[PDB]
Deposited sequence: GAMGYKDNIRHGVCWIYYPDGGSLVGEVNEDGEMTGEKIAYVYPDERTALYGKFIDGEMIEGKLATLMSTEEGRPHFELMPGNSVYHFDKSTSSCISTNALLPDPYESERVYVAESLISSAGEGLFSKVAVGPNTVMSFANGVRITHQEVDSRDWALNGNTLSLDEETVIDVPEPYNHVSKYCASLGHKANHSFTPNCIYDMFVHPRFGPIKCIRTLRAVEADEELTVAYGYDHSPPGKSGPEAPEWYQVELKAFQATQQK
């Protein structure tokens, strides 16, 4: 049946975040087969294998080595690292809490923050340019009502996803020894940040957010983001943030 026509070609479908699905689609235009891949935004790191309508059933870590006539040419990495679609629930953060994301692992690490009295922070492993996705913010999915109706002490890393859902990394998963599948919850706040939270559609985590650089960042530079609490609902925010906001407003004046 092989012929030079669309039915025998390959398709790439991009998310606005720059990740993509690639492969030969079936008769209904679906990303279904044994040789489908998700390609991360570096256009190099890939999860290649069995997908059904774009959902990763068994993706093996690979490197996109070249494209020929639009067709991706992958090399599988050693180790038998496999991944699957595993969107969190209200009560389960991951079925592999200790299995790191391979793209994130090459780009960030956790260490003591340079910000005083601020615990751990997130650092770049290597020099990167502007607009680079560095890290993923995954967590359990709970309601705004639950979050808004409980103490700030429990809301240290709650991250709004949309009007219906908040992502949380509750104790003890805020410790790397118990959860390290994603690390975006380790980035500290700055009113002068070098990164932003941005939407991301992840093949393992599903629809989440990521940390993306605004500008070039050096190796070993701390990654910071604006937490974006409501300043005028004074602010509804932790005391440390309220103090820093006053200091920030003072510098602007």
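Participant: Lining up the deposited sequence with the coordinates, I want the ranges that have no C-alpha atoms.
Facilitator: Residues lacking C-alpha coordinates: 1-3, 237-240, 261.
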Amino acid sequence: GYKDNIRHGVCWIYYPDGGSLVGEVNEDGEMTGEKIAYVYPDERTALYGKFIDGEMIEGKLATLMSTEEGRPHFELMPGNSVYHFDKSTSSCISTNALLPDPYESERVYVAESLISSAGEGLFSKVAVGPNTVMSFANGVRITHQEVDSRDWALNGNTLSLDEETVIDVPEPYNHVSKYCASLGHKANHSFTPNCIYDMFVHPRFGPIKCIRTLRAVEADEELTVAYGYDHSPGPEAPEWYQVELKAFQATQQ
From here on, numbers count along this sequence of modelled residues.
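Participant: Decide which of the stretches 16-24 and 235-243 has the higher mean C-alpha B-factor, going by the entry.
Facilitator: Per the PDB entry, the higher value belongs to 235-243.
Participant: As stated in the PDB record, which stretch has the larger average Cα B-factor, 218-226 or 193-201?
Facilitator: Mean B over CA atoms: larger for 218-226.
Participant: Highest Cα B-factor in the deposition, which of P102, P72, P78, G121?
Facilitator: Of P102, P72, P78, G121, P78 has the highest C-alpha B-factor.
Participant: Could you check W152, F136, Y173, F85 and tell me which one carries the biggest Cα B-factor in the deposited entry?
Facilitator: Going by the entry's C-alpha B-factors, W152 comes out highest.
Participant: Lowest, middle or highest third: which one holds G54 when the chain's residues are ordered by CA B-factor from the entry?
Facilitator: Middle third of the chain for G54's C-alpha B-factor.
Participant: When the deposited Cα B-factors of this chain's modelled residues are ordered and cut into thirds, is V126 in the lowest, the middle or the highest one?
Facilitator: Its C-alpha B-factor, which the entry lists for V126, ranks in the highest third among residues of this chain.
Participant: Among all modelled residues of this chain, ranked by Cα B factor, put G33 in the bottom, middle or top third, i.e. lowest, middle or highest.
Facilitator: As the PDB entry reports it, the C-alpha B-factor of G33 lands in the middle third of its chain.
Participant: Is the Cα B-factor recorded for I115 in the lowest, middle or highest third of its chain?
Facilitator: It belongs to the highest third of the chain when residues are ordered by C-alpha B-factor.
Participant: Which third of the chain does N96 land in by C-alpha B-factor: lowest, middle or highest?
Facilitator: Lowest third, going by the recorded CA B-factors of the chain.
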